[PDB]
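Let me begin by presenting the structure, written as structure tokens, before commenting on it.
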Amino acid sequence: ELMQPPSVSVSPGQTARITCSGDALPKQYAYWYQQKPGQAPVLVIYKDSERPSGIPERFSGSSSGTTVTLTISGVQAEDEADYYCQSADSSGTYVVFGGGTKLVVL
Amino acid sequence: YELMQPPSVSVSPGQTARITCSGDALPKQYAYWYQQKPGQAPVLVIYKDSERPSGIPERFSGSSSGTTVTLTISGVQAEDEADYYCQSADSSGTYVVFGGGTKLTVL
Amino acid sequence: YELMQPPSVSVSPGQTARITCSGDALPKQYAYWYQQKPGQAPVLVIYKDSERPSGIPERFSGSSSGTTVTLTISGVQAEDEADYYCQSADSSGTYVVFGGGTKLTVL
Amino acid sequence: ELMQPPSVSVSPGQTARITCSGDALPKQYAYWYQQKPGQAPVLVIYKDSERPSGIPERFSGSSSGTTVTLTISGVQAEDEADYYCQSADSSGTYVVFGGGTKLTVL
Ligand SMILES: OC[C@@]1(O)CC[C@@H]([C@@H]2CC[C@](O)(CO)CO2)OC1
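Chains as they are written, first to last, in the working numbering: chain A, 16 to 121; chain B, 1401 to 1507; chain C, 1401 to 1507; chain D, 5 to 110.
Rendered as structure tokens:
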């Protein structure tokens, strides 16, 4: 299980940082996706720091020991969504998730 | 939905299901696949066309062919009943595109 | 899904679409209907079989026949393209049941 | 539209209160539903205070002036979800929503 804050809120154009923590993160890749009702999930970062095509450069990913972090610079209204981190247990046998973080733009 | 995906695919347990998405930009743009079950976080099952994240069973596999990508689920089990989504980017690689989702019914 | 609902219904603009859910407990249990568009909050469009919350257009209407309930959308507009969900309760009225959702495609 | 806190978190068995504010609420009904990925929305309260069949008694709704409130007594793990209030503008012409509140059970 991964620990993630329930919500992060920032005013427009601020940077938001969303961190997940977990014992297995030092040895397991994380994936970050954006969840909105009614549409496919949108992968914003894979393997800790890689960005899929079509994803704005303002989205970036980093990792440090038992944490991984999605940073969103210059937050826009369309960024309002839930962000989930996905990884795997220490053994790499099964998928593990954070509880999701709701990003609000004040 | 700029990717064309059938709304429904059904198979009995043990069969292999193939879920396809179609789009003009798929040849030179990676696809990503998700599984969505009721009341659970979505799961990334394939990225970059064919790679599985740690923890994803090998019975899930992705492939690319012309203007179509395919999620193939071998030996479908009851618990695989879920919605499956595909994501990619447009021909330029400037914005994300996605299919409407396929409901996989088992039985 | 203890209610059964077609995964897909399609009509051209201006037509009337009928989306149906079926279940043994529907006769003596109210149904509720939602509209889900991409990237937006779900919308309650019908409650108690046939009542429309304030702000829902009269072109959306709900009805109830035997073991089926029906969301009828008259004068379908392109912006009505969405997923539609039905919810009710079991026979006794002890827990909630749902359909798998219908994708309405507007041609 | 409507103002709702981004998130509410309580330990198991506590009571959670989720409030929506809006100028038109004194004259317009509110509806509360539970949103989870992958499933139909679940209406827990309609017309301010009425509960659909199949909804546990621990869910209740109240209204007071420019506010409406969903109260969840004895919060349980399956209650973890987003809760949205829906209403209508002052004229009753168009639908309005809160931004959703993510309920976390610590
Ligand atoms: O109102 C229906 C939904 O609850 C279905 C799923 C949920 C989203 C919609 C589809 C989803 O994003 C696909 O991963 C999963 O969660 O929002 C709306």
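Heads up, the beta-carbon is just placed ideally off N, CA and C, and yes, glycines get one too.
For residue i, does the three-state DSSP call read helix, strand or coil?
| i | result |
| --- | --- |
| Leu40 of chain A | coil |
| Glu5 of chain D | coil |
| residue 7 of chain A | The first residue shown for chain A is 16 and the last is 121, placing residue 7 of chain A beyond what the model contains. |
| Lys1503 of chain B | strand |
| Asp1480 of chain C | helix |
| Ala1489 of chain C | strand |
| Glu95 of chain A | coil |
| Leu1426 of chain C | helix |
| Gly113 of chain A | strand |
| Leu118 of chain A | strand |
| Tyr48 of chain A | strand |
| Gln101 of chain A | strand |
| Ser24 of chain A | strand |
| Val1497 of chain C | strand |
Using a C-beta to C-beta distance shorter than 8 Å, which residues of chain A count as neighbours of residue i?
| i | result |
| --- | --- |
| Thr108 of chain D | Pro21 and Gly114 |
If the cut is a Cβ gap below 9 Å, which residues of chain C does residue i touch?
| i | result |
| --- | --- |
| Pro52 of chain A | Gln1436, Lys1437, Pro1438, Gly1439, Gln1440, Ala1441 and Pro1442 |
Chain A partners of residue i, CB-CB under 9 Å?
| i | result |
| --- | --- |
| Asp1483 of chain C | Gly53 |
Closer than 7 Å by C-beta to residue i: which residues in its own chain qualify, once you throw out the five before and the five after it? Chain order, please.
| i | result |
| --- | --- |
| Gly1500 of chain C | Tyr1401, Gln1405 and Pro1407 |
| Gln1436 of chain C | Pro1442, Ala1482, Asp1483 and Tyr1485 |
| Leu58 of chain A | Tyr46, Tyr48 and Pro67 |
| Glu95 of chain A | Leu118, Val119 and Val120 |
| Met18 of chain A | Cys35, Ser36, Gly37 and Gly113 |
| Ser24 of chain A | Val119 and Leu121 |
| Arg32 of chain A | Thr84 and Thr86 |
Quick one: residues in its chain with C-beta nearer than 6 Å to the C-beta of residue i, no 5 flanking neighbours on either side, listed in chain order?
| i | result |
| --- | --- |
| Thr105 of chain D | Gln8, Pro9, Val12, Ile22 and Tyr87 |
| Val1445 of chain C | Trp1433, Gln1435, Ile1456 and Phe1460 |
| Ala1431 of chain C | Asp1449, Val1469, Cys1486 and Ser1488 |
| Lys117 of chain A | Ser22 and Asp97 |
| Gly1466 of chain C | none |
| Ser1492 of chain C | none |
| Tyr61 of chain A | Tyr46 |
| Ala28 of chain D | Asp93 and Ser94 |
| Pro56 of chain A | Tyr48 and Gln50 |
| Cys1421 of chain C | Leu1403, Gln1405, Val1469, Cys1486 and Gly1499 |
| residue 172 of chain A | Since the displayed chain A opens at 16 and closes at 121, residue 172 of chain A lies outside it and no answer follows. |
Within 6 Å: the Cβ of residue i and any heavy atom of ligand 2?
| i | result |
| --- | --- |
| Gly53 of chain A | For ligand 2, the structure offers nothing, since it holds only ligand 1. |
Excluding the 5 residues preceding and the 5 following residue i in the sequence, name in chain order all residues of the same chain whose CB lies nearer than 8 Å to its CB.
| i | result |
| --- | --- |
| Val109 of chain D | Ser13, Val14, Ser15, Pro16, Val79, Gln80, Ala81, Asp83 and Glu84 |
| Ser77 of chain A | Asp63, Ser64, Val83, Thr84 and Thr86 |
| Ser1463 of chain C | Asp1449, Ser1450, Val1469, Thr1470 and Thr1472 |
| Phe1498 of chain C | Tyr1401, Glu1402, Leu1403, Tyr1485, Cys1486, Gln1487 and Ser1488 |
| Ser105 of chain A | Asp38, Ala39, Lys42 and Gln43 |
Based on the DSSP secondary-structure assignment, which residues constitute the bridge partners of residue i?
| i | result |
| --- | --- |
| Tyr1434 of chain B | B:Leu1444 and B:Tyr1485 |
| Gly1462 of chain C | C:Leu1471 |
| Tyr61 of chain A | A:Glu65 |
| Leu85 of chain A | A:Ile33 and A:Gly76 |
| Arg1418 of chain C | C:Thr1472 |
| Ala55 of chain A | Answer by DSSP bridge pairing: none, since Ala55 of chain A is not bridged. |
| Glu1451 of chain C | C:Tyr1447 |
| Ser1410 of chain B | B:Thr1505 |
Going along chain C, which residues have a C-beta under 8 Å from residue i?
| i | result |
| --- | --- |
| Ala92 of chain D | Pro1453, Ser1454 and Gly1455 |
For residue i, return the contacting residues in chain D, with the cut-off set at a CB-CB distance below 8 Å.
| i | result |
| --- | --- |
| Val119 of chain A | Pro10 and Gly103 |
How would you list, in chain order, the residues of chain A whose beta-carbon sits under 7 Å from the beta-carbon of residue i?
| i | result |
| --- | --- |
| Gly1493 of chain B | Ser68 and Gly69 |
Can you list the residues of chain D that residue i reaches, using a CB-CB cut of under 7 Å?
| i | result |
| --- | --- |
| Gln1429 of chain C | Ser57 |
Would you mind telling me which residues of chain B sit closer than 7 Å to residue i, beta carbon to beta carbon, in chain order?
| i | result |
| --- | --- |
| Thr108 of chain A | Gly1455 |
| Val57 of chain A | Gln1487 and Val1496 |
Residues of chain B with CB closer than 8 Å to the CB of residue i, please, in chain order.
| i | result |
| --- | --- |
| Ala103 of chain A | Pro1453, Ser1454 and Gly1455 |
Given 8 Å as the limit, is there contact between the region 69 to 81 of chain A and the region 46 to 60 of chain D, that is, 3 or more CB pairs closer than that? no
Contact between the region 1403 to 1413 of chain B and the region 1438 to 1454 of chain B: three or more CB pairs below 8 Å? no
Spell out a yes or no on whether the region 18 to 36 of chain D and the region 64 to 80 of chain D are touching, meaning 3 or more CB-CB pairs, one atom from each, closer than 8 Å. yes
Pair every Cβ in the region 25 to 45 of chain D with every Cβ in the region 1485 to 1504 of chain C, then say whether three or more of these pairs are closer than 8 Å. yes
May I ask you to verify whether the region 81 to 100 of chain A touches the region 45 to 55 of chain A, counting CB pairs closer than 8 Å and requiring at least 3? yes
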